[PDB]
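Report on one structure; see the data block that follows.
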Amino acid sequence: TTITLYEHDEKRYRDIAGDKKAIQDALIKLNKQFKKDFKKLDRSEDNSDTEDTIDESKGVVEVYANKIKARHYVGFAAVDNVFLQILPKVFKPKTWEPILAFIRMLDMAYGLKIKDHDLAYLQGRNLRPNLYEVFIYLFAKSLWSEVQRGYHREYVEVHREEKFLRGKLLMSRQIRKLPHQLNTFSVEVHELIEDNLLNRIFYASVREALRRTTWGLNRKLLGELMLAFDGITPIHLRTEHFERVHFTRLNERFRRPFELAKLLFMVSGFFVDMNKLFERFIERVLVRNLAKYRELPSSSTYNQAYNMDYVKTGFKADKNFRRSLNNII
Amino acid sequence: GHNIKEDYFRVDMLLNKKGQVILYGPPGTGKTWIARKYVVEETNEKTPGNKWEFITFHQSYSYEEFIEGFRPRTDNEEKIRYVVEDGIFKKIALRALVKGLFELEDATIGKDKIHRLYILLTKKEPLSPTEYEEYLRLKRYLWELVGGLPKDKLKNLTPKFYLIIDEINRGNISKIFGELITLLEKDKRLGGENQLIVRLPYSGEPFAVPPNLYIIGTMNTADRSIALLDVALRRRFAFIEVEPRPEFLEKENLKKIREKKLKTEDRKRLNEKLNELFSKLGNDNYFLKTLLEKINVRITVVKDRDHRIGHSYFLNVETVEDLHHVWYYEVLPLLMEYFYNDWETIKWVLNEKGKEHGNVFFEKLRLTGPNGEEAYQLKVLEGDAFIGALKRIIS
Amino acid sequence: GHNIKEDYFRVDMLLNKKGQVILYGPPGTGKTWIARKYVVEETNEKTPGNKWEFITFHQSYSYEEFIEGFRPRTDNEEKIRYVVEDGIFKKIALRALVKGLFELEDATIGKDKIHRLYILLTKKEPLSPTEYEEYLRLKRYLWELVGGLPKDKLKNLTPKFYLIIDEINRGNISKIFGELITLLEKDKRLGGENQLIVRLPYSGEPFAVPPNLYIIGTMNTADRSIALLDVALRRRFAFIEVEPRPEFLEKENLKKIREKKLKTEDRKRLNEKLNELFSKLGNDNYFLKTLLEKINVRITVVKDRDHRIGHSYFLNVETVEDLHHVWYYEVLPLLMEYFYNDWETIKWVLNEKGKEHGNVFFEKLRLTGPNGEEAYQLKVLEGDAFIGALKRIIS
Amino acid sequence: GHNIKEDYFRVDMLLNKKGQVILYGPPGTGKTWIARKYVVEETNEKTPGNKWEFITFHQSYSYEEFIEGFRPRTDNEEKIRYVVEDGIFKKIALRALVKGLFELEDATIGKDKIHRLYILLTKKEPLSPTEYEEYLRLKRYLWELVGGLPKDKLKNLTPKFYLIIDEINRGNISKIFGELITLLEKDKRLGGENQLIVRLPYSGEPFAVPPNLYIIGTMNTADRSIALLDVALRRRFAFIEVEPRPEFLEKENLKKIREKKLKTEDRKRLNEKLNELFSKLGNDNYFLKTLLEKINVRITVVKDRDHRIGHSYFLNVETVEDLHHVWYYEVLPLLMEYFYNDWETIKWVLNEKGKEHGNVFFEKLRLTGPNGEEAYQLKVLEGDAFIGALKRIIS
Amino acid sequence: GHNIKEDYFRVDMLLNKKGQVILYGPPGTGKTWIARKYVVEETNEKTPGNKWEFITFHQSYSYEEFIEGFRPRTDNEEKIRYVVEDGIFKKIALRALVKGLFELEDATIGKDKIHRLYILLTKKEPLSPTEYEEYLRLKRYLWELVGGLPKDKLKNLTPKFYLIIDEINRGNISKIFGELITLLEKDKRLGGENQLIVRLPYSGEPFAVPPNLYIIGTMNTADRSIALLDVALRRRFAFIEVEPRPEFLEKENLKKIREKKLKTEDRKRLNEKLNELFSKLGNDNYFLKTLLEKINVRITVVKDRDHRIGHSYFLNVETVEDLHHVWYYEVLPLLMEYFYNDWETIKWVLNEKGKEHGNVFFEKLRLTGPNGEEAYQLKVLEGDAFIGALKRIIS
Ligand SMILES: Nc1nc2c(ncn2[C@@H]2O[C@H](COP(=O)(O)OP(=O)(O)OP(O)(O)=S)[C@@H](O)[C@H]2O)c(=O)[nH]1
Ligand SMILES: Nc1nc2c(ncn2[C@@H]2O[C@H](COP(=O)(O)OP(=O)(O)OP(O)(O)=S)[C@@H](O)[C@H]2O)c(=O)[nH]1
Ligand SMILES: Nc1nc2c(ncn2[C@@H]2O[C@H](COP(=O)(O)OP(=O)(O)OP(O)(O)=S)[C@@H](O)[C@H]2O)c(=O)[nH]1
Ligand SMILES: Nc1nc2c(ncn2[C@@H]2O[C@H](COP(=O)(O)OP(=O)(O)O)[C@@H](O)[C@H]2O)c(=O)[nH]1
Ligand SMILES: [Mg+2]
Ligand SMILES: [Mg+2]
Ligand SMILES: [Mg+2]
Ligand SMILES: [Mg+2]
């Protein structure tokens with residue numbers, strides 16, 4: 001059951017065509033999982049203090065016996081056949097325009113490099129509006145564009161007993177061989193291997209993505225990524241795995257799929273507070289045109305003190321702020 | 001035999017243009033069979049070794065087994081020695097050049113040295129150290145003669161030689177084709193307009209591909225991603241798509257293939273079984289044609305065209321239990337492999353998407369997990385249940 | 001029971017169809033036992049050696065152990081010499097071909113140099129340097145005879161030889177088989193349509209796989225799935241799911257399984273203990289049938305079919321402390337290994353989720369970590385509280 | 001012209017200014033062709049071996065076969081002998097240096113020892129163990145000779161030597177060029193402003209690159225995994241971009257390229273074949289020019305500029321059937337590797353976006369998936385339907 | 001009792017069931033001590049050499065030092081001869097077979113040849129070249145004798161032999177055992193149902209594992225667990241978890257462990273050190289028991305059970321300064337490598353999460369980072385502050 005919510009919207013269980021309890025206790029195991037991961041989640045005067053506040057069904061959503069009221073935490077959530085997404089109510093209309101505004105919000109504020117032509121490709125594909133399947137697509141398209149541009153291979157120094165002399169003959173190991181051991185060479189080789197730790201992360205991210213994706217567009221994109229990572233060893237994606245990748249000239253072109261693979265993989269789903277999503281927004285806005293999130297710098301749209309207009313639903317919004325910058329400066 | 005003499009014609013015309021072709025397509029389309037039958041037709045030799053060779057690339061296959069490498073050999077007193085053994089491409093490229101230098105009626109080719117080099121290239125036991133040094137000496141004479149020989153005679157090397165590289169995408173082709181990225185191109189061969197003689201690292205010897213050597217590769221395009229080939233290496237080969245041909249799976253076309261190699265008293269005994277098989281399929285002579293076309297279009301929509309099911313599995317089907325074998329051991333494991341056990345996608349390919357717990361190929365388990373997970377299980381249907389489920393795919 | 005006629009027929013149908021088969025399944029399903037018993041029944045040889053051989057694939061398994069490699073040997077003056085010796089596959093394939101040509105009534109076959117090659121191929125003692133040089137001159141005579149023999153005689157060579165490869169998924173198939181994984185195909189075999197006389201790298205000897213030779217792979221799938229195999233192993237081999245059979249663990253089925261070799265005074269002694277075993281289980285003869293199928297169904301919805309619990313652990317259970325040792329040191333170590341300490345999935349497989357600090361197999365530790373981490377302790381229940389939680393699994 | 005003189009002139013100017021160039025670009029743009037054409041015109045030698053060498057880098061090139069390394073050699077008095085053998089670069093650099101000291105007029109230079117070292121460097125046979133010690137002796141004589149030579153003498157070494165390294169990015173270049181990252185700089189060569197002489201690890205011998213030696217690399221830019229991203233190594237080379245030139249595919253430019261190898265009446269045979277070809281393209285002499293330039297700027301937008309189709313795909317067409325075989329077997333399978341299962345983009349490259357049926361290269365399959373996904377079938381056009389679908393691309 | 005007699009019963013049960021066992025667990029639980037003292041309890045031999053052997057596996061341990069391999073040897077007049085020298089597994093298996101047949105009463109046994117072979121298998125020195133010929137003569141006689149004896153008399157060989165392989169997971173089992181890991185199965189031993197007598201690759205004698213030879217491995221599971229072991233070890237070997245037992249660290253149980261290793265002149269000096277150790281530790285005799293078990297439960301919550309602290313750290317502790325030196329130089333260096341740069345976990349393990357300053361092992365630094373990063377500082381407590389910090393962990 002896919003739940004599409006804005007912040008502080010309430011839809012009852014009778015409103016969503018699903019089950020009366022399977023929609024409940026799925027995300028109950030997520031907002032308690034959000035209570036477990038609450039200390040690493042960043043807040044900027046959001047006034048939560050959830051040491052025991054989120055334990056009383058007050059995590060990313062309110063689990064009432066009648067309805068589900070959403071909170072300021074925006075993002076997607078996939079648990080136990082129940083998909084949930086919470087969007088900013090700034091972008092709430094009077095069906096794809098609110099989601100891509102939320103993509104381009106955390107593209108230019110959270111520091112990602114989400115291309116606009118990849119978001120323009122999803123429009124007109126008559127798909128269902130889904131935060132998870134958009135980020136599954138953006139990970140899988142950026143990974144498939146990179147693997148097509150070149151398969152990631154690393155050089156590793158291997159000391160092998162080889163039946164053909166490849167690379168550098170290890171002389172002190174070959175000299176100290178008894179004469180019944182002279183049917184192989186002790187060599188040092190620097191070989192282009194494909195089973196890297198970066199490719200093992202990308203393989204286990206494509207495996208976890210087909211386990212939960214529902215678009216045929218993403219499934220076809222991830223299936224050809226699955227055949228690309230065929231000879232790669234399957235791993236389990238720990239947080240220990242994602243920190244052993246260090247980005248140099250060899251693999252910095254695989255950084256855009258990696259920051260998307262880290263955003264999805266590490267009950268799972270990304271959530272940022274919209275209070276601090278607006279904090280990191282305007283500090284990247286005030287510095288190139290030259291923070292309370294309630295209705296009453298604040299946000300201004302067709303549904304919603306310097307007001308910030310939103311033409312980002314589909315860069316001339318900051319030109320209207322010059323009339324506000326003429327008084328502020 | 002009208003359709004075999006045009007797939008021969010695609011291979012024959014493009015081998016004259018590019019020097020080397022790749023037959024690509026899904027597994028089971030007859031790519032290894034077309035490549036082998038073209039070469040036994042062109043080179044009138046049923047066995048590899050003289051004017052053609054058969055090699056299969058695998059993940060562990062290397063440049064050193066293909067071109068040359070330092071290799072531990074033994075003496076005639078079986079003491080170990082490290083020599084540079086020529087690989088299978090270099091042994092047949094030198095064979096194609098030296099046999100091509102036989103028929104050249106030139107007054108500068110030392111035919112006694114060239115025929116002795118041919119014997120050491122066609123010797124199949126490993127060379128004695130007293131004839132390995134003769135083999136290095138005659139190769140040293142060969143590239144001395146070839147380098148001072150004009151393109152008018154080097155481009156007309158008459159006996160064509162062939163190298164079938166089966167499963168060529170299963171190896172790291174750029175690593176295995178070390179100098180062969182440059183050398184295989186038709187301009188870069190001997191007698192070519194931009195003829196290139198390379199120096200090989202291990203032996204230190206000159207090397208070039210002769211023009212009468214041809215390489216037919218076969219690529220199963222569902223066993224390795226075709227978007228992982230090198231674009232520059234792709235420029236060397238003509239790429240011939242060998243697609244599944246379910247028109248071979250009609251009753252008259254099944255008879256026209258299986259009666260080219262067996263006797264007449266076995267022919268109509270095979271024909272009465274094919275008439276017995278197709279009678280149980282609703283007396284539809286185009287049943288296996290329609291069954292393979294319907295699942296391959298359904299595969300092409302939700303997967304690649306490269307992951308289609310080939311026609312060669314159903315080609316030796318003459319009973320219902322032969323069709324029951326091919327479906328449950330060549331089709332259904334192959335569909336589960338291609339779709340990574342996505343039961344909802346396979347059941348749409350098998351035209352049974354909103355249909356479980358019945359006469360289906362994938363029954364749903366009645367138990368659900370704690371996370372709401374549903375599992376599907378392959379159901380073996382026999383008799384009228386199997387034929388009625390194959391008719392559900394067509395309908 | 002009809003287990004060893006139903007799995008016998010499925011192997012025998014697939015061995016004369018594909019040429020080679022892989023018995024895949026979860027561990028403890030009798031895959032190696034089915035592979036060994038079918039082969040012993042098909043050869044009337046209880047031990048490996050002449051008509052069959054048994055090997056295990058590991059990650060360090062090589063081409064040289066399997067096909068061909070240089071072995072260090074001594075001299076008369078005890079210096080190291082290097083003999084190229086035949087691996088286990090080259091020995092079983094040459095033994096299958098020589099026994100195939102010895103029974104083949106033909107006039108071109110010498111039948112005394114062939115029978116002498118059969119002695120040197122079955123010789124368990126290592127060959128003398130005058131026998132090994134004789135062994136090489138007979139394999140020269142053999143392969144020039146097989147190359148001269150037509151396809152009509154090499155179609156059906158009568159005695160059937162078997163190579164059981166235990167844990168075939170552990171070995172690197174590209175390094176072990178090499179190029180010769182393609183000779184396993186039914187048409188590429190020695191007498192088929194597209195047959196291949198390949199030359200071997202070390203001794204330059206002709207080699208081909210006869211139709212006598214059948215490969216019965218055995219493969220655990222809980223450690224490595226079929227999708228994680230080499231693509232050459234998926235294409236050439238047929239695959240049989242050796243399913244875990246809880247119907248063996250019925251009280252009368254458990255009696256007749258152990259009585260196939262037991263003392264005839266020990267039948268009433270098993271009827272002493274197996275009747276007192278199932279009396280403590282609640283006089284339900286289908287207890288261990290229901291217990292293994294309630295476990296394996298709950299595995300299949302939360303994981304693969306590959307990770308089910310096999311029936312072989314419960315076969316030698318005659319008392320409740322034998323059932324306690326099998327549950328706590330074979331079954332629960334398998335469940336904790338499969339689920340990677342995800343105890344709430346293991347507790348749902350035993351349907352004890354939401355049930356902690358009691359007579360459970362996994363009690364909760366009452367300490368919550370600094371990041372909310374929770375752990376579970378493997379509680380070791382004994383006696384009637386062990387059955388009281390084991391009865392709760394099937395309820 | 002820009003290629004008749006000027007692309008030659010870019011190589012000659014940047015090879016004297018920098019000492020080594022790398023010709024980079026898409027496949028089939030003429031990087032290997034102009035590298036071979038320049039060096040054959042400079043050295044007046046059609047074949048390598050003297051005054052120029054041709055090598056191709058790959059993943060089994062090493063430092064040990066390029067500069068120097070312990071390579072095992074075998075004699076008759078000794079079985080296994082590990083010997084530091086100089087690689088192909090150390091052979092071509094010492095050959096350039098020794099030949100440069102032939103024509104120097106110093107009385108310090110012992111001409112008999114230098115001429116003897118040239119024989120042992122240009123020896124086609126491998127070095128005898130009594131000649132390898134003479135070779136090690138004359139090398140250590142030379143490196144103390146040029147160490148005491150004035151740098152005004154050492155920099156004008158007269159006969160230029162050329163190492164063409166085709167596919168230079170296919171090897172681990174910094175691993176291959178071990179000491180050469182230092183030594184290949186133009187003022188760090190012999191007689192340079194900051195002349196450097198390194199110490200080599202295996203032979204323990206001094207080494208420097210002469211100013212007499214030039215490197216012409218040809219690297220491919222379509223593969224970004226082997227992209228030359230070593231910022232310090234890039235400083236040593238001039239990077240000449242060889243772009244796809246669609247203006248070669250004009251009718252008046254096609255004949256004057258293709259008739260430079262044709263002598264008397266095959267030019268007339270080529271002329272009326274190109275007259276017949278371009279009359280069937282609507283009398284557009286710039287048809288294939290517009291076909292390449294419209295496809296390549298469409299490839300440049302959706303994929304990189306390094307994935308442009310080189311003009312060598314279309315440079316050998318003479319009929320509309322040659323264009324048809326270049327399209328359907330070389331160009332269109334390449335675009336299907338570029339835009340793999342990405343049908344809306346490859347239809348935009350072929351200017352048929354939104355045209356689902358008709359005389360179109362990719363016909364839409366009428367079936368849609370369960371999730372609404374869609375596939376396109378490759379339609380093989382022929383005749384004016386093929387030429388009319390090619391006119392849709394160019395306009 | 002609970003350390004020996006209860007734990008030996010688990011070893012006696014599984015070693016007489018599986019034939020080989022691996023004692024696994026975290027370090028310091030006594031796996032090597034239990035394996036040594038059990039085997040001395042069974043063989044009645046304190047020093048190895050006759051009825052048992054001790055080795056440690058490592059990564060340079062191989063086949064030639066374990067079973068057999070060629071070795072150079074001066075046999076006569078300093079002319080070295082390459083002979084097969086038996087490794088420790090072949091020697092302990094032949095020693096178990098010979099002593100099993102010396103105490104057998106078949107009367108076709110040649111006891112004078114059998115007992116002389118037992119002398120040659122127990123020589124502490126390398127064998128004479130005269131004795132090496134007799135050793136090969138009697139090994140030849142032994143394997144004709146074993147090959148003639150029935151299977152049922154080879155079943156119950158009387159004296160049990162042992163091979164303690166410490167750190168069994170540290171050597172690669174595929175290259176150490178070779179193909180002989182399958183001979184360790186109960187049925188595949190010398191007398192079982194599927195009894196296999198293999199040949200050895202270098203010497204060619206027969207070899208089989210006798211049933212009275214047992215393998216006791218000890219294995220650390222803190223580095224890599226049972227689920228990531230070699231697949232040859234996980235099925236051939238039985239597995240006993242040697243867990244940390246903090247009940248040894250009770251005051252009465254710390255006396256009884258250490259009073260056995262001392263004379264009675266130094267027994268009473270240790271009871272006046274442990275009475276004055278648990279007088280500073282409050283007066284609780286279960287302090288170090290509760291200190292280990294409160295920490296070890298907290299390790300299972302965050303990491304796993306495999307990373308628990310063994311009792312052997314606190315087992316030689318006689319004073320508070322002994323407990324202080326165990327803490328700051330063994331325990332906390334291990335816990336800071338368990339939770340590296342992870343401060344709130346290790347403060348939760350030490351029951352001090354929240355308590356930031358004073359009487360803690362980790363004092364909070366007074367500086368908050370730019371991103372809110374917070375670091376701690378290892379505070380060395382000496383005296384009653386150290387005891388009160390330890391007794392905060394136990395409370
Ligand atoms: N009588 C009888 N014994 C069986 C049966 N199935 C398994 N066993 C016994 O169980 C033991 C283990 O069976 P085995 O052949 O090793 O299964 P496996 O699938 O190969 O197990 P693994 O190697 O993956 S761990 C064998 O010794 C065999 O005798 C059966 O159906 N009948
Ligand atoms: N006359 C002429 N021929 C050219 C020109 N460019 C390419 N060719 C022809 O096309 C063929 C391919 O050119 P080539 O040099 O081999 O491409 P490349 O740059 O090396 O492409 P790559 O796949 O190896 S990476 C050459 O043999 C040459 O005959 C050119 O500018 N003038
Ligand atoms: N009396 C007694 N001493 C023990 C016991 N366990 C460990 N020890 C003592 O502590 C020492 C360490 O035990 P040891 O056997 O080496 O631990 P381990 O399990 O092998 O640790 P590792 O080798 O994996 S690091 C032993 O030498 C022994 O003296 C025990 O249970 N009883
Ligand atoms: N006679 C005939 N046999 C075919 C044809 N296509 C496939 N086969 C047979 O099918 C079998 C397997 O086909 P194969 O070539 O190995 O499939 P591929 O290599 O994956 O394309 C071979 O033994 C062929 O003999 C065909 O068109 N005609
Ligand atoms: Mg094939
Ligand atoms: Mg097995
Ligand atoms: Mg090139
Ligand atoms: Mg130990």
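So that the names make sense, note that chain A is the first sequence line, chain B the second, and so on, each numbered from 1. Read the numbers this way: they start at 1 and go in the same order the structure lists the ligands and their atoms. Every heavy atom of this structure was used, including side-chain atoms; hydrogens, water molecules and symmetry mates were not.
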Rounded to the nearest 0.5 Å, how far apart are OG1 of E/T182 and CG of E/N194?
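Going from the OG1 atom of E/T182 to the CG atom of E/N194 covers 11.5 Å.
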Heavy-atom contacts with ligand 1 below 4.0 Å: which residues, ordered by chain and residue number?
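Shell around ligand 1 (4.0 Å, heavy atoms): C/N3, C/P27, C/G28, C/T29, C/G30, C/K31, C/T32, C/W33, C/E167, C/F248, C/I257, C/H311, C/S312, C/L315, E/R235.
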Starting from the C-alpha separation in whole Å, work towards a yes-or-no answer on side chain to side chain contact (heavy atoms under 4.5 Å, CB included) for B/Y338 and B/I309.
CA-CA 10 Å; B/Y338 290 164; B/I309 303 306; 3.9 Å; yes
Are more than 12 heavy atoms from other residues, nucleotides or ligands located less than 6.0 Å from atom CZ of C/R170?
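Result for CZ/C/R170: enclosed.
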From CA spacing to verdict: side chain to side chain contact (heavy atoms under 4.5 Å, CB included), E/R245, E/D7:
CA-CA 12 Å; E/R245 285 160 206 88; E/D7 210 348; 3.6 Å; yes
Full working for side chain to side chain donor-acceptor pair (under 3.5 Å) between B/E167 and B/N220
CA-CA 7 Å; B/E167 299 292 328; B/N220 289 331; 2.4 Å; yes
List of N/O pairs, ligand 4 versus protein, all under 3.5 Å?
residue  : atom   : partner : partner atom : Å
ligand 4 : 1 (N)  : B/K260  : NZ           : 3.3
ligand 4 : 15 (O) : B/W33   : N            : 3.1
ligand 4 : 19 (O) : B/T32   : N            : 3.2
ligand 4 : 19 (O) : B/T32   : OG1          : 2.7
ligand 4 : 20 (O) : B/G28   : N            : 2.8
ligand 4 : 20 (O) : B/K31   : NZ           : 3.4
ligand 4 : 20 (O) : B/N220  : OD1          : 3.3
ligand 4 : 21 (O) : B/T29   : N            : 3.3
ligand 4 : 21 (O) : B/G30   : N            : 2.8
ligand 4 : 21 (O) : B/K31   : N            : 2.5
ligand 4 : 21 (O) : B/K31   : NZ           : 3.0
ligand 4 : 23 (O) : C/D187  : OD2          : 3.0

Under-4.0 Å salt bridge between E/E243 and E/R305
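Looking at E/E243 and E/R305, the cut-off is met.
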Taking salt bridge (charged side-chain N to carboxylate O under 4.0 Å, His left out) as the criterion, tell me which of B/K261, B/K37, B/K260, B/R258 meets it with C/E193.
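It is B/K37, the one option of B/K261, B/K37, B/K260, B/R258 that forms the salt bridge (charged side-chain N to carboxylate O under 4.0 Å, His left out) with C/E193.
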Kindly indicate whether the side chain of C/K5, heavy atoms from C-beta on, has any atom under 4.5 Å from the side chain of C/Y8.
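Side chain of C/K5 against side chain of C/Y8, heavy atoms only: contact under 4.5 Å found.
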Apply salt bridge (charged side-chain N to carboxylate O under 4.0 Å, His left out) to the pair B/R36 and B/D166, showing each step before the final yes or no.
CA-CA 10 Å; B/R36 201 181 196 277; B/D166 204 44; over 6 Å; no
